[PDB]
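Next up: a single chain in structure tokens, the form deposited in one PDB entry.
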């Protein structure tokens, strides 16, 4: 399997572009940035709002927890390569604590309202607007030969007041190389694509489109997470109960994948549940025929079947967003 678009991006570019291991970090001054207040945390870092003591402007300080040098260089290289792109967070500096060598990534400031409180207030148009903005970021990184691999509300910072969006945390991102077999232990469970759940390793940019689809489904149906599995096996089960097992079998046979007998047993057999059956009094104001058609073209077992980010942006669902912009 290979990407249907942007497959040769890293083939045509200098090795220095994607060979992140060859990178030699040019450390700045740790003293230049002071922590003001904690704003977030994850299993790989702690994030704070900070201040640049030289110009006194706000910034974001991401202090990384102890991890391998290879992974830290990967995130830095990807951030440098994407800097300046549409709605991509901007890496400004890279510093480390002299004594313990704890690294911190410094970013342009971005305000945010946790999606749990923001999303319930988004109007029909707001959803079209923000998803379009996220798509700009995804088509951009994909066009630059990079898969984010961790698309989820938590990594989509939105300043609702300014209506500004930023795709953050590129710690799981990777460069796409045709034929490469990647680690399937990426993204967050509720947003993992079928390919990861069935161990199909030669995946591509399309993985992010499934995750986007999960996020989108959660938004229009007011059900977060849309696919609520407890462990990786259960995650595939929940997906199967919605898309149906018939399409799963077509997928598995096409890519010659054999499911673990245990997992196969858990999945069982299920008919497809139409998207319309997810509509209720709580989401009726957001479920339009265009939204459903768009969602349908994202949540497909077969990654090669999903809309690319570029195609997604042209879907009629976003017609007013385009006309306006």
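Positions refer to the first chain, counted from 1.
As for the form deposited with a partner chain bound, it is not shown, yet the points below apply to it.
Undergrad: Out of 232, 102, 143, 249, which one falls within 4.5 Å of the partner chain in the deposited complex, going by heavy atoms?
TA: None of the other options qualify; the answer is 102.
Undergrad: Which residue, 245, 87, 80, 111, has a heavy atom that falls within 4.5 Å of the partner chain in the deposited complex?
TA: By the 4.5 Å heavy-atom cutoff, the listed residue in contact is 111.
Undergrad: I have 30, 97 and 121 flagged as a candidate spot, so tell me whether each of them has a non-hydrogen atom within 4.5 Å of the partner chain in the deposited complex.
TA: Every residue of the spot touches the partner chain in the deposited complex.
Undergrad: If we take heavy atoms and a 4.5 Å cut-off, which stretch out of 208-216, 192-200, 155-163, 69-77 is in contact with the partner chain in the deposited complex?
TA: The contacting stretch is 155-163.
Undergrad: In the deposited complex, is there a heavy atom of the partner chain that lies within 4.5 Å of any heavy atom of residue 63, even though the partner is absent here?
TA: Residue 63 belongs to the contact set for the partner chain.
Undergrad: Within a 4.5 Å heavy atom cut-off, is residue 51 in contact with the partner chain in the deposited complex?
TA: It does: once the partner chain is placed as it appears in the deposited complex, residue 51 has a heavy atom within 4.5 Å of it.
Undergrad: Even though the partner isn't displayed, in the deposited complex is residue 34 close enough to the partner chain, meaning a heavy atom within 4.5 Å?
TA: Because a heavy atom of residue 34 falls inside 4.5 Å of the partner chain in the deposited complex, the answer is yes.
Undergrad: Would you check, heavy atoms only and a 4.5 Å threshold, whether residue 116 touches the partner chain in the deposited complex?
TA: Although the partner chain is absent here, residue 116 would touch it in the deposited complex, with heavy atoms inside 4.5 Å.
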